[PDB]
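Inspection log for the structure reproduced underneath, given as structure tokens.
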Amino acid sequence: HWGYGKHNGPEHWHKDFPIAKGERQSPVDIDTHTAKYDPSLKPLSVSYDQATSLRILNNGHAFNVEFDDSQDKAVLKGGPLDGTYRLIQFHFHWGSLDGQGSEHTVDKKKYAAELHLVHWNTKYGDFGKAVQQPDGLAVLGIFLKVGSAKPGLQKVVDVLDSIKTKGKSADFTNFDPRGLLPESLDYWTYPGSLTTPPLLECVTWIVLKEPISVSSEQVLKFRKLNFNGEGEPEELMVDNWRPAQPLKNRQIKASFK
Ligand SMILES: O=C(O)Cc1cccc([N+](=O)[O-])c1
Ligand SMILES: [Zn+2]
């Protein structure tokens, strides 16, 4: 099955998921000089005051912080979006070293990591129906750079020892994702896809310009996770990022001048 190795990594995904070579794949390089300011874009509305995290999961590809999405409790609206998108999970992608890890790039710059907050359009009723629609998901992407610690991330880092290997989960209630957000909500937006199989072309991407800072210690704890299951040969969970894909017939729009 798919993964991030030599034998099963991104460059192989098209054989089981031919949409890998589609017209609206993610991530992409954001060329800041050609992304056009669009005055018609709105401010993003991120409303996470009632977000109810439940659990953290090592799925063998990353770890997922999961939310109760059975009501409108943590929603993303505005920005480029029509309608209301409910938070279902967040996860990250990161590198073996601080010089790579992000999926999106900015003028070819790779960040140490990238956080994805995944939301589904309530007009489709559930996540599985939403991913079948071109406007089914909104993913908020936030770059991580290594410097100062992010106090709001520490609760996540400290639970990782308990989900070292694939298929482990742990209760993870009361975590507030507002602690992961940068000061500015300036963004770039474009139409794209999931970045892991099945690579469905169902995402409005909203990539924040301003990175968050996390400490080296924090990212080092991400890199102690395992792709493998309990008791199998240890292969560290690192470099779980898809590289930039062809932009094709897309425009990247900026919310800011
Ligand atoms: O389980 C999976 O890998 C598919 C999946 C599910 C939810 C979000 C995703 N994304 O690319 O942001 C991908
Ligand atoms: Zn992701």
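Residue indices begin at 1 and follow the sequence shown.
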Treating [X] as the side-chain partner and [Y] as the backbone partner, does any N or O pair qualify as donor plus acceptor under 3.5 Å?
| X | Y | value |
| --- | --- | --- |
| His93 | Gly101 | no |
| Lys248 | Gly22 | yes |
| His104 | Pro27 | no |
| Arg86 | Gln71 | yes |
| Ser102 | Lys110 | no |
| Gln25 | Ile19 | yes |
| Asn121 | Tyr124 | no |
| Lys155 | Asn174 | yes |
| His116 | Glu114 | no |
| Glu235 | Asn228 | no |

Charged N-O contact under 4.0 Å between [X] and [Y]:
| X | Y | answer |
| --- | --- | --- |
| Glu66 | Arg55 | yes |
| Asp186 | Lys209 | yes |
| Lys123 | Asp82 | no |

Does a side-chain heavy-atom distance below 4.5 Å link [X] with [Y]?
| X | Y | value |
| --- | --- | --- |
| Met237 | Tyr4 | no |
| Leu44 | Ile206 | yes |
| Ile163 | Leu57 | no |
| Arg178 | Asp49 | yes |
| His33 | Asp31 | yes |
| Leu76 | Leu87 | no |
| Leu247 | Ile252 | yes |
| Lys253 | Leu41 | yes |

I need the minimum non-hydrogen distance between [X] and [Y], along with the two atoms involved.
| X | Y | answer |
| --- | --- | --- |
| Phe172 | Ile56 | CB-N, 3.6 Å |
| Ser96 | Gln100 | OG-OE1, 3.8 Å |
| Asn58 | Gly60 | OD1-N, 2.8 Å |
| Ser255 | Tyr37 | O-CE1, 3.6 Å |
| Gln245 | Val28 | O-CG1, 3.7 Å |
| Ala130 | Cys202 | O-CB, 4.2 Å |

When clusters are formed by joining ILVMFWY residues with side-chain heavy atoms under 4.5 Å apart, either directly or through shared neighbours, do [X] and [Y] land in the same one?
| X | Y | value |
| --- | --- | --- |
| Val146 | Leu236 | yes |
| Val65 | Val214 | yes |
| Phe17 | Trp241 | no |
| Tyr48 | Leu54 | no |
| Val118 | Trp188 | yes |

Legend entry - Candidates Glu234, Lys164, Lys168, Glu232 - the one meeting side-chain hydrogen bond (donor to acceptor under 3.5 Å, both in side chains) with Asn226: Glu234
Legend entry - Intermediate values then yes/no, side-chain contact (heavy atoms from CB on, under 4.5 Å), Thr195 and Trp205: CA-CA 11 Å; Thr195 72; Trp205 277 95; 3.9 Å; yes
Starting at [atom1] of [X], measure out to [atom2] of [Y] and round the result to the nearest 0.5 Å.
| X | Y | atom1 | atom2 | result |
| --- | --- | --- | --- | --- |
| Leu140 | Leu185 | CG | CG | 8.0 Å |
| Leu200 | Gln132 | CG | CD | 8.0 Å |
| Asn240 | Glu103 | CG | CD | 7.5 Å |
| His61 | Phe227 | NE2 | CZ | 8.0 Å |
| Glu11 | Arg242 | CD | CZ | 11.0 Å |
| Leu181 | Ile212 | CG | CD1 | 8.0 Å |

Legend entry - Plane angle bin for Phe67 and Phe90 - parallel if under 30°, tilted between 30 and 60°, otherwise perpendicular: tilted
Inset, instruction - Measure up the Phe63 and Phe222 rings against each other and bin them: parallel (under 30°), tilted (30 to 60°), perpendicular (over 60°). - result: perpendicular
For [X] and [Y], does a side-chain donor sit closer than 3.5 Å to a side-chain acceptor?
| X | Y | result |
| --- | --- | --- |
| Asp29 | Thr105 | yes |
| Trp2 | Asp16 | no |
| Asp171 | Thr173 | no |

Should we count [atom1] of [X] as having more than 12 external heavy atoms under 6.0 Å?
| X | atom1 | answer |
| --- | --- | --- |
| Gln251 | CD | no |
| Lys145 | NZ | no |
| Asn249 | CG | no |

Inset, instruction - Applying side-chain contact (heavy atoms from CB on, under 4.5 Å), run through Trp120 and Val131 and close with a yes or a no. - result: CA-CA 8 Å; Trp120 55 271; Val131 298; over 6 Å; no
Inset, instruction - Test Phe92 against every option in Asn64, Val219, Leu153 by the side chain to side chain contact (heavy atoms under 4.5 Å, CB included) rule and name the one that passes. - result: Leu153
Inset, instruction - Please report the C-alpha distance between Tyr85 and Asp135 in whole Å, then the side-chain angles of each, then the deciding distance to 0.1 Å, and finally whether the side-chain contact (heavy atoms from CB on, under 4.5 Å) criterion is met. - result: CA-CA 10 Å; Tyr85 295 67; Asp135 59 354; 4.0 Å; yes
Legend entry - Evaluation steps, side-chain contact (heavy atoms from CB on, under 4.5 Å), between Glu201 and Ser193: CA-CA 4 Å; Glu201 291 181 335; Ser193 76; 4.0 Å; yes
